[PDB]
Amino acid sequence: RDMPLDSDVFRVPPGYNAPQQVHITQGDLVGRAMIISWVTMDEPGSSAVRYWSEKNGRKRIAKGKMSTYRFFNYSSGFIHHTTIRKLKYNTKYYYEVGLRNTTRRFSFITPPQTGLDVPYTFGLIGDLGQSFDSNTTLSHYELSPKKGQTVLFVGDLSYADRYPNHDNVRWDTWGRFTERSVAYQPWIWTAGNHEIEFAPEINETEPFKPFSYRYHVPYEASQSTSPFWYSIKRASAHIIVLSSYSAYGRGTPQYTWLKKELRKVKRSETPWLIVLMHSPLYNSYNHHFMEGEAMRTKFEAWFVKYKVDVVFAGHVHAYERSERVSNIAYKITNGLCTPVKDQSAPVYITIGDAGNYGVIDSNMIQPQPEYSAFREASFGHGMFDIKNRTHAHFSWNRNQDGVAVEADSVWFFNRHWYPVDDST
């Protein structure tokens, strides 16, 4: 039950070669860069981006690259990617795009410089899709009383691969649909299984093709060699994005990168350490049960050793919050294979209930395991609101409830600065 192509939210902006499917993301490691992306259908157009700060009227111009691609019998429009760098912290900027022809204007606010007690509020959306439910979820996030300043996307964007030949037109519609948000505030991308799009039948064998062309990330900023895993620092948070569907065996590029990246985290500069991945390591629902075991046996010990605060995942179309637990004492024949409470371990949260194609995962493992703190099969999104270097407030909002109602509220105590039990 996705929204029909004639839906108001898929409407195409008027004007000749008008920029469409506009979206932004952090373009550097510390937050003083932004990647501006958009598509033009009528003709190539300019890849220039004109921007200026609200205060200093000095208008500047940055040039970018343009690209195109074909999936099966599908031909893309003209995709533009431009990186604006050397921006100023905590300041509003205006940027215009589509200079040569029909011009459209947007704005964004750079984050404050990275610091120990710098407050910031992140949005959490996963497996959004483009169904009526998806629109409701996006609305609640926009109307949220505690305004979100950046969204952390945990995977499965458009779900265009459910249509015949993965009808890439559904990638375009999703681009216009989400523009109302991603054009004004950055979204941090995480690749999900619906982005793999491995279709040998139609001779499309390169994983993540549509996705990688449409969405760029500043992976090079963290010494990564691939766009499916990277980290960025923003305000008081250090965010690490992992790829559930890439190699992660010992010696592999992702494995090597993650190992070095954790050593580089400085809790004195960024107290909150967050990890994003599409498939959850802890999940008590029947759908995709134990799918995350493979990655868990490889990185769990590291998450505990470095005391990461929270791990966000999607994939399971529902909501779940775990107690701080670890299962790293197993040794094949020592029988220690039951998850135990660990104050050094992170809290795992499944938040992939933004809407997808309108289906909710209800069937859950019974009885509720001990490692599961709270769970519910309802659509919605979440908010991770950072206050101090010691306190962060997380909340989950349902689509049935009012915009300001928090069906689930939890205070997180930083594992590095305030290591006290924060169970609920």
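Numbers follow the displayed sequence, beginning with 1.
Mean CA temperature factor is higher for 142-150 when stretches 142-150 and 167-175 are set side by side in the entry. In this entry, 48-56 has the higher mean Cα B-factor, the comparison being between 48-56 and 369-377. Per the deposited coordinates, the residue with the largest Cα temperature factor out of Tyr159, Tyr89, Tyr306, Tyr215 is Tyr89. Ranked within its chain, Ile349 lands in the lowest third, by CA B factor from the PDB record. Among all modelled residues in its chain, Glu320 ranks in the lowest third by Cα B-factor. When the modelled residues of the chain are ordered by C-alpha B-factor, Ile24 sits in the lowest third. The deposited CA B-factor of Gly355 belongs to the lowest third of values across its chain.
In the deposited entry, the Cα temperature factor of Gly98 sits in the top third of values across the chain's modelled residues.
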